[PDB]
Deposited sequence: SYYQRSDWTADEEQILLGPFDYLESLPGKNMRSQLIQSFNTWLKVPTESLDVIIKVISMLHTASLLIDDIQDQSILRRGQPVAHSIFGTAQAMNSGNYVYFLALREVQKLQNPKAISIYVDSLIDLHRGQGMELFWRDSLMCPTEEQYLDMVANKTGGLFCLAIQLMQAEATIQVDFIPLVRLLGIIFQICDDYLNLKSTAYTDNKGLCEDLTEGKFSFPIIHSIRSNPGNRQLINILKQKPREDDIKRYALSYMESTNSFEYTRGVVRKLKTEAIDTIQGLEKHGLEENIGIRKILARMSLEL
């Protein structure tokens, strides 16, 4: 009687989604979507469910950008200012975790008894990946390549795998695509690492102190030289430190090593793609295109 509970208003949603709406208004390379499209060539998910899945994955992806940019302490995002440099850390963080749960509500629309478990297991894999990455960063402990790949499997596989698993759960065909999906996420992340250092901020991964795939190679290629790992500790904003690091990683042949690893991995994926097709699946051009987009 003294307290009268009010309904939630459009204006309040608008406030809560400010950081989220901002990010969504920035053009990006929409690739989770193309990945969904080219797996749908095989899975043929009914349209009403595919739209639900696409919206769930868009939401989760954007929400996790809000959070990752805060936790990585990035400065740019699709070339425009990072969401929390407009709205502040707290509202960006909370906006993104809010969207995690709007997405779960959206997922409930599949009215599929397995969809909740699929969502939970992905979000758990997500944070498990991002947690091991923060652990190495904060401890200055360089992982092995193998350790890095298991982490990437979790933390970039998480949403890749989430999308395809939901599609699988809504489709009639019972082929297991997840191993291939996980490969593509690993390739995607390794390419990302490479492009962050070699492509037209300058090497934001160095500023953030991240043990990325080529940085790992360079540090371990000659553990007697501690210049690179010490640069990571400094978390350098300066272009002159970054340019020096870049140059040292050239001397260790680490960009050549990464290119050859991506080559080896694309070859496994094509081989795998051909396996599924030699077993009664339509030839998939769209997925070969996706895999060509990653190349460097």
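**Student:** Enumerate the deposited-sequence segments absent from the coordinates, judged by C-alpha atoms, in order of position.
**Tutor:** In sequence order, the gaps with no modelled C-alpha are 201-206, 303-304.
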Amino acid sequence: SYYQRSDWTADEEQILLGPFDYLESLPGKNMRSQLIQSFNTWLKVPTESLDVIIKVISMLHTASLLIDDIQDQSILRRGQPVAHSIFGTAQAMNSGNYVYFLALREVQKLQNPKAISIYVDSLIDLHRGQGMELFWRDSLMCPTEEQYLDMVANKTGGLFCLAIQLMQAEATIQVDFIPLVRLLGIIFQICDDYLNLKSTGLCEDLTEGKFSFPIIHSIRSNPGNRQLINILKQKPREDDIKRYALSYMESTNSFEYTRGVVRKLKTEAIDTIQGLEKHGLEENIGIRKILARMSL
From here on, numbers count along this sequence of modelled residues.
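**Student:** Hey, which bit's got the bigger mean C-alpha B factor in the entry, 123-131 or 109-117?
**Tutor:** On average, C-alpha B-factors are higher across 109-117.
**Student:** Higher mean Cα B-factor in the deposited model: 172-180 or 216-224?
**Tutor:** Higher mean C-alpha B-factor: 172-180.
**Student:** Pick out which of 96, 143, 157, 209 has the highest C-alpha B-factor in the PDB entry.
**Tutor:** Within the set 96, 143, 157, 209, 157 shows the top C-alpha B-factor.
**Student:** Split the chain's modelled residues into thirds by Cα B-factor; is residue 193 in the lowest, middle or highest one?
**Tutor:** Middle third - that is where residue 193 ends up once the chain's C-alpha B-factors are sorted.
**Student:** Hey, what third does residue 12 fall into on Cα B-factor, ranked over its chain?
**Tutor:** For residue 12, whose C-alpha B-factor we compare with every modelled residue in the chain, the answer is the lowest third.
**Student:** According to the PDB entry, is the CA B factor of residue 234 in the bottom, middle or top third of its chain, that is, lowest, middle or highest?
**Tutor:** Tercile = middle for this residue's CA B-factor.
**Student:** Of the three thirds of its chain by CA temperature factor, lowest, middle or highest, which one includes residue 264?
**Tutor:** Residue 264: CA B-factor falls in the highest third of its chain.
**Student:** Ranking the modelled residues of this chain by C-alpha B-factor as given in the entry, is residue 102 in the lowest, middle or highest third?
**Tutor:** Lowest third of the chain for residue 102's C-alpha B-factor.
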